[PDB]
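Before any comments, here is the structure.
Nothing in this text is a laboratory measurement; each read-out follows from the coordinates by a stated rule. Cβ atoms come from the backbone with ideal geometry, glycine included; neighbour counts cover every protein chain shown.
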Amino acid sequence: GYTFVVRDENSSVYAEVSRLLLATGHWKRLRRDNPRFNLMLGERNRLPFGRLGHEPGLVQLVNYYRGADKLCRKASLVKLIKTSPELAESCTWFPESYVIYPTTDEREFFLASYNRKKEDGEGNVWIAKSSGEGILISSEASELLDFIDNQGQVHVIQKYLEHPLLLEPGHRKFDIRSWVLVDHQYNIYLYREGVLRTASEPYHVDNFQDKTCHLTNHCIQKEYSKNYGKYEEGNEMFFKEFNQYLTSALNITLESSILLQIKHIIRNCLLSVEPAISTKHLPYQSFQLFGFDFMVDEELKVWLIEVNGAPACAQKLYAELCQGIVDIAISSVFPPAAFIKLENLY
Amino acid sequence: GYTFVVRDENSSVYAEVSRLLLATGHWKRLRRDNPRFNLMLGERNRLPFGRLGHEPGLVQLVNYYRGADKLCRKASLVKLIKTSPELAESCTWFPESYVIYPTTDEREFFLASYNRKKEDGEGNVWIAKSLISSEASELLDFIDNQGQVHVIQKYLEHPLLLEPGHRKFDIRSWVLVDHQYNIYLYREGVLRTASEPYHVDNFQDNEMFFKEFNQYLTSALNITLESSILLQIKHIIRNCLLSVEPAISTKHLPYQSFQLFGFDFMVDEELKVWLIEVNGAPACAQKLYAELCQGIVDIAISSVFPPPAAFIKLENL
Amino acid sequence: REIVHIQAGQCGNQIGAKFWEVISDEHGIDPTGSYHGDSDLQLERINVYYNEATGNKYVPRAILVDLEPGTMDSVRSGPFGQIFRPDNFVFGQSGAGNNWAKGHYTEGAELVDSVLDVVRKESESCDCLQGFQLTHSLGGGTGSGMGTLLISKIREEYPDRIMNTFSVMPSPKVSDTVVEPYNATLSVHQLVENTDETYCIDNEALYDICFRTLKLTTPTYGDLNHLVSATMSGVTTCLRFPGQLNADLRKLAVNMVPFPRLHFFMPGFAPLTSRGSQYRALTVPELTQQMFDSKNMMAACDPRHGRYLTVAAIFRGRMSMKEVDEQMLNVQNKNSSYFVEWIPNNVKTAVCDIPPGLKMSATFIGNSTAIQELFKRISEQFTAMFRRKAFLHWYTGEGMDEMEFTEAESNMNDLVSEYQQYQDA
Amino acid sequence: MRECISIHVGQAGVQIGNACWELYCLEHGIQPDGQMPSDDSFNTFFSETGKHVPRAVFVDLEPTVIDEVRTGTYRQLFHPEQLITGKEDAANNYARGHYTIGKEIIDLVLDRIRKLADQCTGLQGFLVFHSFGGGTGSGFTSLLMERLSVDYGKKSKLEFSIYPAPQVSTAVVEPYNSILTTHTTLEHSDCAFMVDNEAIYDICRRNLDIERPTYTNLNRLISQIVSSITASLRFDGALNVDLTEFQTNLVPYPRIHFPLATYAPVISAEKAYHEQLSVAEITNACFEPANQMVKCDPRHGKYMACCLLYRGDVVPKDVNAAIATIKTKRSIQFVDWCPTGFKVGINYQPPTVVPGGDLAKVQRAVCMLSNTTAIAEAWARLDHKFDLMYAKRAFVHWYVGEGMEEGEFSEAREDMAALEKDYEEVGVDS
Ligand SMILES: Nc1nc2c(ncn2[C@@H]2O[C@H](COP(=O)(O)OP(=O)(O)OP(=O)(O)O)[C@@H](O)[C@H]2O)c(=O)[nH]1
Ligand SMILES: Nc1ncnc2c1ncn2[C@@H]1O[C@H](COP(=O)(O)OP(=O)(O)CP(=O)(O)O)[C@@H](O)[C@H]1O
Ligand SMILES: Nc1ncnc2c1ncn2[C@@H]1O[C@H](COP(=O)(O)OP(=O)(O)CP(=O)(O)O)[C@@H](O)[C@H]1O
Ligand SMILES: Nc1nc2c(ncn2[C@@H]2O[C@H](COP(=O)(O)OP(=O)(O)O)[C@@H](O)[C@H]2O)c(=O)[nH]1
Ligand SMILES: [Mg+2]
Ligand SMILES: [Mg+2]
Ligand SMILES: [Mg+2]
């Protein structure tokens, strides 16, 4: 006889999780703000972590890890990669990024790196993004910095991946989204199914104003791409179609060419923040579903772009992903092959 | 003025360094146990680090970093790779190794990994060092019939073979870490090559320089030494020395340290560099002694005691 | 059928004091020793643990021993401190410094005869003494060294009686000194020879329960003692209330101990309460699944890593006996591999109407071969130090010889190999 | 009821003793006249009359230094019989302190000590304060320790030994006196806390911004560390752990009885800034070489024991979290034969500072006692200086002239060589 609260109605993932908990006897949905719960499906911002686990009779579990924002925010992820001992010297899968503040700034270091590639004749395209809206792709540091100063928000100048892996037919850009569930005991689980947020326009290296070929954001493609849904429904390619394209056109499997790097990046990222977010020494337990965003270059190298704390699932994967959250993260604490447990070699 | 002591006559590198200091006219060599020195070219084992920097007014510098053997001894390097937070999850360049004690002790973990490889039909050749075999029962018995602690490393069955000859080789790089911890990779490396063709069954079995090796790479694979091997080497050196940096740094110590390291690498057929071992007291190649020893005098000694382009300073991004 | 209770050392007196507070409440005895209970089914077997004094007062048949007055002064001042017979407080002034040799050979030998005089006095006033129960830790010096010394002397004077102990095993997670593996190994050697039944209360298990299960991050000795006193209450229910199963120490030993040396029991309890916890009353199926779960064991051993030789389950409170039998039969049918097939009907079940406290609870007592994991942990720690003769000077300085350590280490290794032999049968 | 008698030998022992007792009085609310208005655990160190009198004995072979105690602010604190003086000092000569002049005053000292022992219902042992370098501190102390082992067989004997530092050294033969006293006292001391004057000197210059520290500066900082170590004996609580319980963990082998002490925080009274200093901050400072009482590198030495003694506003939760962070981030390597665990003790009584002192008053403080093989560096430095002079027999005639033989020199040096080897062996893996 377990009880749960829902403090985020906008979360599509946990709305399905709530329905899965109901219609299976064991769970009763308590009113919002009712503190006598077992599971809390909390809000995205300002979650009351301090009030959790202070009833010495019931076991409390929350769908978020306190402090995950030091990995899921654009500027804090850049800070983590460059300053964590586990990542600062070993990270070869994160594009060269610098935190910029408009009118802890790394503005001077960006200009030094921009001038170094310029003098050597190296690729100098950079992308600026706020912590799809307010994104500028340019090969001019003067143009990029001025863009930041206009908006009143912290931006991050990341090195633009000028040579991405282009899907054929169409010759189009894409990004990979992977769903990772970390349970109460910090066991990292990669959901078997991923999604490719593809572009429906052919990719070209010259015109950066054409956002339909340069930005693979789902909202950018539905609102501006004239060929939206031309190659695949809702510009979303799944791992079966992507593995078939890879094994055919490039003669290599998705598991070896891309998924091994993905699994390595996920484990390195979550374990760098593990000591700062572990609920071992806290009165309550935590679990979180993450959305890892990757970009593959033409040499088949995976690059981490962003990490999402509150991700949204693909329509067909909602049933399996939400059932996996119920079984692995909820039923492990409160008991009545689709998730790979990511582990170290030794 | 500047005075120095030589407590290792067997060191060929520092014998040449001693000659170079004496040639300047700025350096005078004192007796072995004279404690009023400026520079100490200490001994390989049991160096008296506790006595250093305590004589008042004297600036003392030693040719070794206290610790560093944690990166150089085979078992401690295996321990460091598997336990350091900076290396445990990120290390993809060190062959799968298990420290095996003969008389702590990862014997049960080695057998679990060996059984995983024979069940899946994967390559199961391992090398035990203080024997190359694919059996593990005769590998374990070899260790127990010796009073030493061995390490069972995964044998690289598909190495990059030099043509002509179809022969195995390993790369040795010289790294000088001065006081203030600046890592310098010596421009010239050496390839300790084999003069016999490679066999994948016979378990019973010469210095090429970087110009000849660079020329073999294009035309042979159309790729240069850099972007395929030299970037990997530089990354490995940076990661290794910085994992032990907080444990060996002399910034809060009364004396200063510097050390010349010998990094040993092995390149596989996919052009991937693998770290095999690090040497605390390495030996140089005959033609590179003059340039390497002059670099040690200029970068590490003359920076502390004051009277080009051959050492690349390794930095991140 | 009287039991003479003895508590020795800091731990022994702290857990012992709690045990008396707990059962005194259950039996309707107040701190003054007067009975004010709402049932007489509290006085039916009250004589098993209490003596009857002048003004209808019930006095615990307890002997409080320690080489330091500190802990015993704390007891005398606590809630039920006035319940004990003042003459039964036997204490020295120079403690034991967490040294087994001091408690067993030097400091303890000077105080032991006066303790035996009190034991003898309590025994002479027994219509039919069943035996003794000692509470103590094995990691300290008084409870560990002097406690096993007392056991040896008592056995000499009462060889035909049952010697039962509640022995708290040491753990690095809840440690007082680095010499605990020495003290524990030396005591286990004594226990293997001179006790009929020992309840292994592991501080490692009590810690992991408080930390991982109760989520009491930073647990205190008071937290560990909450679990202990609750388990001690459960395992002694069959001796304190009218019943048919394991109603005395000898029948318990006959049912639970198939091999003389294999008498170390793994207690279990459900529900796992936390001092001042919240609302529900656990259904019989829930009580059964928990008490058999590794997470409810008072010894840090995984029962799935061995087999049960014998098991004794006790349910307390008003519940369906039919449901208890169904649930007890189900746990065995669902895990029949973890119960030795060569001991038919090795799981016995008892039910007591009087609950602890709680509305209903379940206590588990298991003689599992997995208990070797506890002795292996200690043996590993002991060997790591003994190999290099670390800290031996504190022991050899008291008269002990290295040979004594080699024998204790060997006897405990034999105990482990014996438990393994029956696990492979 | 476990009393502790303190014995302060020679100038260093006396002057350090003055600082400790001044601090203990402030900590226990005891006035310079012995009166204690607040009026037990503090009775381990003080006897009662309503005058609270230290269970201490001050010994020096010369009267100037103790005469300052006899006429100073705390003159009333001590009983005249507790302050013992000779006429002629040991002239920085171990042989004069142990033999020539020591023989003349030893019996009187043992009698004054016996008078304190007779007032004890359960004497726990002695705390002996002395320098390694002085003739009395080295010579007389070892004679005293030898006699105490005879007259009090079992009883524990702890030391606070002032290790020589050139910045404040007064004699070229201090290395000789150090080896001689260490050798003679080794079997008779159960635990010894070395205080390197160079380490205390450098902390005063760095953390307190003192250009040229004086003995008063050094001694007040030393008294804080000594106070932290003895706090468990003078106070009691649920989280307070007794020093002898730490001593069981601190001394694995009889000869390896020299724990390294590290203290935090050491903040200037004017440059305090008002910062509070978390439990995590001070615990981390315990692993900074700049805060150790002896100059050595614990990063390159194996631990055999680690004890944390907290003093002010400290709760276990914070301590455990701080220890967890320190692990998997620091060069804390234990020997394979010792559990890699930290023994913690907390005294809720906050640290006290002397009014008008160089130290700022803090809300919380910690002293770490660790038995690390890194302390053997201190022996190596001393033994090397001994070797330099002894090779030429320099100054040896001063010792031989007082009845000593060259044999005692080599016997003491051989024992030190064995001690350095014992620290080497205990670090080797099994
Ligand atoms: N920290 C500290 N060190 C001191 C003090 N007085 C002396 N020393 C040190 O102790 C050593 C000298 O020993 P002293 O205590 O002066 O000598 P003594 O025991 O009186 O012996 P004699 O004068 O030879 O009879 C040197 O290393 C001094 O730096 C003091 O008050 N504090
Ligand atoms: N360094 C880089 N190289 C190449 N393409 C990049 C890039 N950084 C971003 N992009 C492109 O821009 C898109 C949006 O990137 P960004 O990291 O801003 O997205 P997001 O999902 O975190 C949220 P937002 O809507 O705020 O942009 C990516 O999906 C990718 O197509
Ligand atoms: N895993 C491996 N794969 C291939 N060759 C290897 C190997 N390990 C060692 N070798 C070869 O065997 C030689 C043995 O050299 P040595 O005994 O000095 O130590 P090493 O560099 O092999 C140390 P480690 O134990 O770290 O592998 C190497 O120089 C190399 O040529
Ligand atoms: N559960 C429990 N363990 C204790 C308690 N006090 C001490 N211990 C444990 O007992 C051992 C120390 O023995 P102790 O009883 O303190 O000492 P003694 O006076 O020499 O018997 C260590 O293993 C401690 O962890 C207590 O009250 N409860
Ligand atoms: Mg006890
Ligand atoms: Mg005990
Ligand atoms: Mg003097």
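Applied to region C:143-158, the Karplus parametrisation 6.51 cos²θ - 1.76 cosθ + 1.60 on θ = phi - 60° returns per-residue 3J(HN,Hα) values of x, 6, x, 6, x, 5, 5, 4, 4, 4, 5, 5, 4, 4, 7, 9 Hz, with x for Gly and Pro. Just going by the charge dipole of region C:2-267, with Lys and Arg at +1 and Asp and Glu at -1 on Cβ, which of C:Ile3, C:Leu111, C:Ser167 is farthest out on the positive end? In region C:2-267, that residue is C:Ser167.
Sticking with the crude label model, points 7 Å out along Cα→Cβ, report the distance from C:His393 to A:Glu241 in nm, one decimal please. Going by the 7 Å Cα→Cβ label model, 7.7 nm. Annotation: amide H of D:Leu83 within the under-5 Å range of D:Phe58, sequence separation 5 or more or interchain, hydrogens built in the peptide plane. Counts of other chain beta carbons within 10 angstrom of each beta carbon in peptide A:78-87 average 2.
Going by neighbour counts of Cβ atoms within 10 Å, the residues B:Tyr2, C:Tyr182 line up, fewest first, as B:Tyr2, C:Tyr182. Ranked by the mean number of other Cβ atoms within 10 Å per residue, highest first, peptides B:277-283, A:30-36 order as B:277-283, A:30-36. Here region A:265-309 is scanned for amide nitrogen atoms under 16 Å from the site 7 Å beyond the Cα of B:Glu270 along Cα-to-Cβ, giving A:265, A:299-302.
Just how far, in whole angstrom, is region C:158-185 from region C:91-131 if you go by their alpha carbon centroids? So the separation of the two Cα centres works out to 16 Å.
Pairs exceeding 31 Å between alpha-carbon atoms, taken from D:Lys361/D:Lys421; C:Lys334/D:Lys327; A:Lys74/A:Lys280; A:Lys82/B:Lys118; B:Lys82/B:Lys287; C:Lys18/D:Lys329: D:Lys361/D:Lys421; C:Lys334/D:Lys327; A:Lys82/B:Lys118; B:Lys82/B:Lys287; C:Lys18/D:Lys329.
Around the amide H of A:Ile305, modelled in the peptide plane, lie the amide H atoms of A:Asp293, A:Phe294, A:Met295, all under 5 Å away and 5 or more residues distant in sequence or on another chain.
With a ≥ b ≥ c taken as the square roots of the eigenvalues of the C-alpha gyration tensor of region C:268-373, please select rounded if a/c is under 1.5 and otherwise prolate if a/b is larger than b/c or oblate if it is not? Since a/c reaches 1.5 but b/c is at least a/b, the shape of region C:268-373 is classed as oblate. Of the residues C:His263, D:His188, the one with the fewest other Cβ atoms within 10 Å heads the list, and the complete ranking is D:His188, C:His263. Backbone geometry of region C:310-326 corresponds, through the Karplus equation with coefficients 6.51, -1.76 and 1.60 at θ = phi - 60°, to 3J(HN,Hα) couplings of 9, 9, 10, 9, 10, 10, 10, x, 7, 8, 6, 5, 5, 5, 4, 5, 5 Hz, x marking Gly and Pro.
Peptides C:128-134, D:238-244 ranked from most to least packed, by the mean per-residue count of other Cβ atoms within 10 Å: C:128-134, D:238-244.
When only alpha carbons are used to place a centre, region D:347-387 and region A:27-79 end up 44 Å from one another. What does the net charge come to around B:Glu43 if you take all other residues with beta carbon closer than 9 Å to its beta carbon, with K and R at +1 and D and E at -1? After counting each charged neighbour, the total is +2.
For region D:3-250, the dipole from Cβ point charges (+1 on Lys and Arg, -1 on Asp and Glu) about the Cα centre works out to 200 debye, to the nearest 20. Counting, for every residue in C:175-184, the Cβ atoms of other protein chains within 10 Å of its Cβ and taking the mean gives 3.
Taking a ≥ b ≥ c as the square roots of the eigenvalues of the alpha carbon gyration tensor, the protein assembly as shown is oblate, as a/c is not under 1.5 and a/b does not beat b/c. Placing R0 at 41 angstrom, the Cβ-Cβ distance between B:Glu108 and D:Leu388 gives a FRET efficiency of 0.20 after rounding to 0.05. In this rough spin-label picture, where each label sits 7 Å from Cα along the Cβ direction, the C:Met321-A:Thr24 distance is 3.9 nm. Shape analysis of region A:2-68 places it in the oblate category; the axes a ≥ b ≥ c from the Cα gyration tensor give an a/c of at least 1.5, with a/b not above b/c. With a 10 Å cut-off around each Cβ of B:248-258, the average count of Cβ atoms from other chains is 2. Per-residue ellipticity at 222 nm, computed for chain C from helices alone with -39500 (n - 2.57) per DSSP H run of at least four residues, works out to -12000 deg cm²/dmol. Between region C:222-276 and region B:224-241, the alpha-carbon centres lie 64 Å apart.
Among D:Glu402, D:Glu270, the order by Cβ neighbours within 10 angstrom, fewest to most, reads D:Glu270, D:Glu402. Once you've got the Cα coordinates, tell me which of B:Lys129/D:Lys302; A:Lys129/B:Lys70; A:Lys117/A:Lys226 are over 32 Å apart. Going by Cα-Cα distance, A:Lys129/B:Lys70; A:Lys117/A:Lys226 fall outside the 32 Å limit.
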